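Please read the structure below before turning to the comments.
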Amino acid sequence: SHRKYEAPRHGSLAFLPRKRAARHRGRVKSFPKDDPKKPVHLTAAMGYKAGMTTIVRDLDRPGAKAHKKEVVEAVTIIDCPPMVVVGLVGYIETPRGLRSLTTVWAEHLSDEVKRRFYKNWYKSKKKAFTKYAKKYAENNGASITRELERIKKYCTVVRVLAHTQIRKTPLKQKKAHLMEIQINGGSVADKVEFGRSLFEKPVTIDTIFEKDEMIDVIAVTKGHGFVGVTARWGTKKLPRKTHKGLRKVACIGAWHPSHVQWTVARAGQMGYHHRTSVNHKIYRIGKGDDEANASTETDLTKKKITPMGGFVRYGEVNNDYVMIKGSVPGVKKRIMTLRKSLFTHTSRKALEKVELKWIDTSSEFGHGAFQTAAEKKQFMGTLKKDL
Amino acid sequence: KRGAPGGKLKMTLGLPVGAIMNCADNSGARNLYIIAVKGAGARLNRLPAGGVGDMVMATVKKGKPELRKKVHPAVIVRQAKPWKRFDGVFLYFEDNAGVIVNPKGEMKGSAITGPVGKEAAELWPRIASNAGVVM
Amino acid sequence: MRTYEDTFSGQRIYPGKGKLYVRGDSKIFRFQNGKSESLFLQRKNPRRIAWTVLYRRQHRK
RNA sequence: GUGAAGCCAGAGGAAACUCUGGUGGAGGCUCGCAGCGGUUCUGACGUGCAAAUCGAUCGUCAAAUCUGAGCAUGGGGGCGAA
RNA sequence: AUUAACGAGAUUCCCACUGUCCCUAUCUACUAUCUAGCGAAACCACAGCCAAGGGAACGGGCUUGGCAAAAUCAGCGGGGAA
RNA sequence: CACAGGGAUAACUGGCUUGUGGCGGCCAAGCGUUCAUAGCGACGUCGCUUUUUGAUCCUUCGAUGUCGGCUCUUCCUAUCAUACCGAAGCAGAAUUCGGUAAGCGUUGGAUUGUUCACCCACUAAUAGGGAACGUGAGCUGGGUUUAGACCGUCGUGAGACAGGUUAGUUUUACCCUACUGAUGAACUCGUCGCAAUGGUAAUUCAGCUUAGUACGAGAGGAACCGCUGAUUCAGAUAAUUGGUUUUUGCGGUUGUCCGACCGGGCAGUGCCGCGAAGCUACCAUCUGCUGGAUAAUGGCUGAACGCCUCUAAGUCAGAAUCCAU
Ligand SMILES: [K+]
Ligand SMILES: [K+]
Ligand SMILES: [K+]
Ligand SMILES: [K+]
Ligand SMILES: [K+]
Ligand SMILES: [K+]
Ligand SMILES: [K+]
Ligand SMILES: [K+]
Ligand SMILES: [K+]
Ligand SMILES: [K+]
Ligand SMILES: [K+]
Ligand SMILES: [K+]
Ligand SMILES: [K+]
Ligand SMILES: [K+]
Ligand SMILES: [K+]
Ligand SMILES: [K+]
Ligand SMILES: [K+]
Ligand SMILES: [K+]
Ligand SMILES: [K+]
Ligand SMILES: [K+]
Ligand SMILES: [K+]
Ligand SMILES: [K+]
Ligand SMILES: [K+]
Ligand SMILES: [K+]
Ligand SMILES: [K+]
Ligand SMILES: [K+]
Ligand SMILES: [K+]
Ligand SMILES: [K+]
Ligand SMILES: [K+]
Ligand SMILES: [K+]
Ligand SMILES: [K+]
Ligand SMILES: [K+]
Ligand SMILES: [K+]
Ligand SMILES: [K+]
Ligand SMILES: [Mg+2]
Ligand SMILES: [Mg+2]
Ligand SMILES: [Mg+2]
Ligand SMILES: [Mg+2]
Ligand SMILES: [Mg+2]
Ligand SMILES: [Mg+2]
Ligand SMILES: [Mg+2]
Ligand SMILES: [Mg+2]
Ligand SMILES: [Mg+2]
Ligand SMILES: [Mg+2]
Ligand SMILES: [Mg+2]
Ligand SMILES: [Mg+2]
Ligand SMILES: [Mg+2]
Ligand SMILES: [Mg+2]
Ligand SMILES: [Mg+2]
Ligand SMILES: [Mg+2]
Ligand SMILES: [Mg+2]
Ligand SMILES: [Mg+2]
Ligand SMILES: [Mg+2]
Ligand SMILES: [Mg+2]
Ligand SMILES: [Mg+2]
Ligand SMILES: [Mg+2]
Ligand SMILES: [Mg+2]
Ligand SMILES: [Mg+2]
Ligand SMILES: [Mg+2]
Ligand SMILES: [Mg+2]
Ligand SMILES: [Mg+2]
Ligand SMILES: [Mg+2]
Ligand SMILES: [Mg+2]
Ligand SMILES: [Mg+2]
Ligand SMILES: [Mg+2]
Ligand SMILES: [Mg+2]
Ligand SMILES: [Mg+2]
Ligand SMILES: [Mg+2]
Ligand SMILES: [Mg+2]
Ligand SMILES: [Mg+2]
Ligand SMILES: [Mg+2]
Ligand SMILES: [Mg+2]
């Protein structure tokens, strides 16, 4: 007979296989569609997650209740040292999908990248690209220019190979991360010319993104272990006097379908899934050589973005950084992937220009009360330590 | 039309059905006992609940015998559950209290004892006139 | 954007921190953390708590 | 813990008698430890430590209370506050 | 027919109280879990992926289709008309 | 209370039937101010369904756990609400009849063991059903239905009552499959990619303006675009607020022990105040896209049928539907 009262199902079937992700680094499954009438440009970058903080600004939204008043919002900080371009790839269209036919590298590669191709680097002979490099010194590199001409003639999608400089962060890891970044722009000949001219050169994040732009963040979520149904799916707890456990589901299916079905909630692994969160607005792109990259027009204090005592379980942000409104998936120290938007925005909430007024820099290791070390000393006075 | 304020912003709700709050006007009632909330949706096993500034159906349990055994509309004016606004400040009062109104929104009494929250004053102009210290 | 001062201990308050309390007689109190609020509600005297501003300025320290 | 008869002293009234303060230590009286018992969790365990046990919460506790040894009643018979 | 006192006897309301509930979160010890040593029992025609059909009128095996790739670990309570 | 048996024979599911229950049609006397058919349908008559109850006795008596609630998933359409439409005895507002449509929802409580029912209140709405009358090695045990006990009626009596009442033990998974997750032999070891197939997600309301306007003698009284919020659902996150305390971190304090002070042990964490880190809450914060082909319906050109006709050849628009991103 029918269920006595109505209620929606617990959870969504769209994120259905609740398994661990295949790869630790996030994966870009689609790129924005190309327009040949625009100048050549990149479409993605990568960085590392530092933490969160608080800001204050005044809203601009006619008709709203908080119009022309101050608001408090939470933000996220991403540490983004520049990337180095190493090579490019070409793709062609087939009745079975896209496939790659060539890839051409640069002459010199750093030890950061070469560690990626090894699992015991400390005792190897480190010969990863030794024979490939000699192709540049033979016949004026005719074999290198032959492959470039092939891409100009047959390929219709061009992507670049780039890696992070992980030695500029406080992380203990020495092995860099590598990915492919598509080039959207004018012509296939233009894409190859632009891509090759960037060989073994650094690229800064301010040349890719800008302020007041909506972007997407791709990463793997925080991991929990083996988890029961109550927390994994959100089912009602059973009464207090239930024998043999009360954190379960009471009925896992009717009689005659005669199998446990795929739509019932059961205990298993939770967390560490691949996710793609969209529509995050960029508030600030700060430079690493600026000594006042956390100061505004109405707040003239000379200070940087790092809180007093440093970010917890992370070091200090000594490089360029991007400030994003809200939250993103992933724990601290984890590699983030930033991608341009696939959507069109006309909402008057995504077209707003943001001007900041104050940025919190107090300690997050406790109930911090001062913004700078000088201010704390001025308030307290003189201590026995100062002699 | 059904009486529930238009344009109210999201806030923490501290008073579910079955709670008794104080009466804060001179109508003769002492306490109010909540039986419904004027905007609640539908969900299995979820009690309706309200906060500062929204209409409620209630009965009086102590007061003049002319007001007992009846159902009156009412508006909540202060609550003891902390909550925040868009300026990021968490605030809370010392007790829970409300006043008696009619479906159109006019107050039955004429005076209010104690402070009231800003949400109640902004949404119901009649309560604003009789209020003293606001927030 | 402005700062406030803790009513019980005098510590500085920046936006978003602490809480605001409105008592039954329409008096407003502000606190910076949970240590101040708990001692106030226990009805301690700030002039006998050695780390408060009131205690320090009274003893001339 | 409570405080029955009997006994001492003082006060009131014409008498018959009445009031107050002590002393005394009765009751199949009462709170509660050991023993004796077994209300609930319809708790633990339920191929158990255990063919009836374990834990917390409970009933009675100076008398129709608890208990050892010796002796008597034997199957259509015994014994039974049933 | 009434009835003071008494009751681990059945029932209705009130004050206080609380995670019984809105709505669920967190901590500690012993397990489970992995290892060394030691080491049983219940049960068992043969076995073990489905949809429909007909059939002793609800098939694991038959007929027509869907399909179908070694050896394995932690849980689970739909079926085996267990 | 006992034994030998019986599915040759009742009490539950399943199977054939459909009287009875439920639902849908045909004709046209009549109602409807005139006017059979806007909305209805007397006398008659044809069907459908298996969520009622009967009729039968095919399977099970060397046993298939017998009411109701709680929890959870999916399916049907005979559509309560939501999308887009046709009709009126449709001026506007409110209503009534009909089509495509099951994508998305369909509640908080007082009394009763209840299924069923009846009230109070919110809401866009508080539709009807199946899955062994779904679901006891998932719970519960209030009822019914063993043994103790009381009452009424009945019986000389032992005892009876689909009459009332009170107390009454809910066992086992370590095997196979199914399901949720996790490793892995064979073709050298790695880095970067493609995408067959499988899954799929959003939902409803309010305020301002249009506007006291259209319509209407008056009383009354809309809608499209535009702006800002909120309900139910989903995926994350911990700057801030709150909860948690073996940080046994600092402080206070009782009993006892180390002769006193200092510094400590024990009372399975002696007890109390504050308490970082980690976990965590619509008790906190962030985020949720647009292409194609169509159904109902309204049209274009246009014969059959020298006129007419959305259709027969050809063709336009088009829904919360369908297939993709
Ligand atoms: K059911
Ligand atoms: K901070
Ligand atoms: K409701
Ligand atoms: K005595
Ligand atoms: K005792
Ligand atoms: K005998
Ligand atoms: K008794
Ligand atoms: K086990
Ligand atoms: K072992
Ligand atoms: K069959
Ligand atoms: K055969
Ligand atoms: K038999
Ligand atoms: K037979
Ligand atoms: K019939
Ligand atoms: K039937
Ligand atoms: K039947
Ligand atoms: K039968
Ligand atoms: K039988
Ligand atoms: K119920
Ligand atoms: K059955
Ligand atoms: K049942
Ligand atoms: K009974
Ligand atoms: K009993
Ligand atoms: K099993
Ligand atoms: K599909
Ligand atoms: K999709
Ligand atoms: K959550
Ligand atoms: K934290
Ligand atoms: K904490
Ligand atoms: K503690
Ligand atoms: K201790
Ligand atoms: K939340
Ligand atoms: K048509
Ligand atoms: K079309
Ligand atoms: Mg239903
Ligand atoms: Mg039990
Ligand atoms: Mg912190
Ligand atoms: Mg319920
Ligand atoms: Mg006694
Ligand atoms: Mg006693
Ligand atoms: Mg038990
Ligand atoms: Mg067991
Ligand atoms: Mg089958
Ligand atoms: Mg059949
Ligand atoms: Mg079989
Ligand atoms: Mg076959
Ligand atoms: Mg089990
Ligand atoms: Mg089973
Ligand atoms: Mg037999
Ligand atoms: Mg038979
Ligand atoms: Mg009939
Ligand atoms: Mg007529
Ligand atoms: Mg008829
Ligand atoms: Mg059998
Ligand atoms: Mg069975
Ligand atoms: Mg059996
Ligand atoms: Mg239909
Ligand atoms: Mg309809
Ligand atoms: Mg209830
Ligand atoms: Mg049936
Ligand atoms: Mg059943
Ligand atoms: Mg079962
Ligand atoms: Mg019973
Ligand atoms: Mg009996
Ligand atoms: Mg008897
Ligand atoms: Mg008689
Ligand atoms: Mg059982
Ligand atoms: Mg697909
Ligand atoms: Mg006019
Ligand atoms: Mg805290
Ligand atoms: Mg001591
Ligand atoms: Mg024509």
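Here is the naming used below: chain letters follow the sequence lines, and residue numbers restart at 1 for every chain. Heavy atoms only: backbone and side chains are in, while hydrogens, waters and symmetry mates are out.
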If you measure from the [atom1] atom in [N] to the same atom in [M], how many Å do you get, rounded?
N       : M       : atom1 : value
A276(F) : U244(F) : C1'   : 14 Å
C40(F)  : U74(F)  : P     : 39 Å
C75(F)  : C283(F) : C1'   : 39 Å
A10(F)  : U59(F)  : P     : 10 Å
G68(F)  : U13(F)  : P     : 12 Å
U96(F)  : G14(F)  : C1'   : 46 Å
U12(E)  : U112(F) : P     : 8 Å
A167(F) : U145(F) : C1'   : 16 Å

Listed nucleotide nearest any side-chain atom of [X], set [options]:
X         : options                   : answer
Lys222(A) : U237(F), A131(F), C72(F)  : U237(F)
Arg240(A) : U228(F), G278(F), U20(E)  : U20(E)
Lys325(A) : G193(F), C286(F), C192(F) : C286(F)
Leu16(A)  : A238(F), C227(F), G199(F) : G199(F)
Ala64(A)  : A124(F), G229(F), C122(F) : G229(F)
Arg247(A) : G181(F), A25(E), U285(F)  : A25(E)
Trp255(A) : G181(F), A132(F), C22(E)  : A132(F)
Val278(A) : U287(F), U241(F), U191(F) : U287(F)
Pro8(A)   : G105(F), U231(F), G79(E)  : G105(F)
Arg25(A)  : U240(F), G193(F), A230(F) : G193(F)

What's the base orientation of [N]: syn (chi within 90° of 0) or anti?
N       : value
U188(F) : anti
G109(F) : anti
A44(D)  : anti
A223(F) : anti
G141(F) : syn

Gap between atoms [atom1] and [atom2], on [X] and [N] respectively (whole Å):
X         : N       : atom1 : atom2 : answer
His10(A)  : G235(F) : NE2   : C1'   : 16 Å
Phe226(A) : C179(F) : CZ    : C1'   : 12 Å
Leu39(C)  : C272(F) : CG    : P     : 18 Å
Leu47(B)  : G109(F) : CG    : P     : 6 Å
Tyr5(A)   : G109(F) : OH    : P     : 10 Å
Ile35(B)  : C119(F) : CD1   : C1'   : 13 Å
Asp60(A)  : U228(F) : CG    : P     : 11 Å
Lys349(A) : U228(F) : NZ    : P     : 11 Å

Does the pair [N] and [M] meet both stacking conditions, six-membered ring centres under 5.5 angstrom and ring planes under 30°?
N       : M       : value
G141(F) : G142(F) : no
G75(E)  : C76(E)  : yes
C282(F) : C283(F) : no
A78(F)  : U79(F)  : no
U177(F) : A178(F) : yes

Do [X] and [N] share a donor-acceptor pair, side chain to base, under 3.5 Å?
X         : N       : result
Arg46(B)  : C22(E)  : no
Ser12(A)  : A234(F) : no
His256(A) : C58(E)  : yes
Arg266(A) : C179(F) : yes

### Message
Less than 6.0 angstrom from the centroid, inside 45 degrees of the normal: does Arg339(A) satisfy that with respect to the ring of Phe31(A)?
### Response
no
### Message
Do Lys19(C) and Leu91(B) have side chains that approach each other closer than 4.5 Å (heavy atoms only, starting at C-beta)?
### Response
no
### Task
Report yes or no: is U285(F) base-paired to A236(F) (Watson-Crick or G-U wobble, both distances under 3.5 Å)?
yes
Carboxylate-amine/guanidinium contact [X] [Y], below 4.0 Å:
X         : Y         : result
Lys340(A) : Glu213(A) : yes
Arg30(C)  : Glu37(C)  : no
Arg57(A)  : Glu73(A)  : yes
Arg85(B)  : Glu119(B) : yes

Report the pucker family of [N] (north if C1'-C2'-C3'-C4' is positive, south if negative).
N       : value
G141(F) : south
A47(E)  : north
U169(F) : south
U64(F)  : south

Using a 4.0 Å heavy-atom cut-off across all strands, classify [X] as base, sugar-phosphate, or nothing.
X         : answer
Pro307(A) : nothing
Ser258(A) : base
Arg18(A)  : sugar-phosphate
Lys8(B)   : sugar-phosphate

### Query
Between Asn33(C) and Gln11(C), do the side chains contain an N or O donor and an N or O acceptor separated by less than 3.5 Å?
yes
### Message
Ignoring hydrogens and geometry beyond distance, is a side-chain donor-acceptor pair present between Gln371(A) and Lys303(A) at under 3.5 Å?
### Response
yes
### Task
Pick out which of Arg30(B), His72(B), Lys69(B) makes a side chain to side chain contact (heavy atoms under 4.5 Å, CB included) with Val60(B).
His72(B)
#### Entry: Test applied, side chain to side chain contact (heavy atoms under 4.5 Å, CB included); reference residue, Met323(A); option that passes from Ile78(A), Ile55(A), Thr76(A)
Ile55(A)
#### Entry: Contact under 4.0 Å: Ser327(A) side-chain N or O vs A238(F) OP1/OP2
no
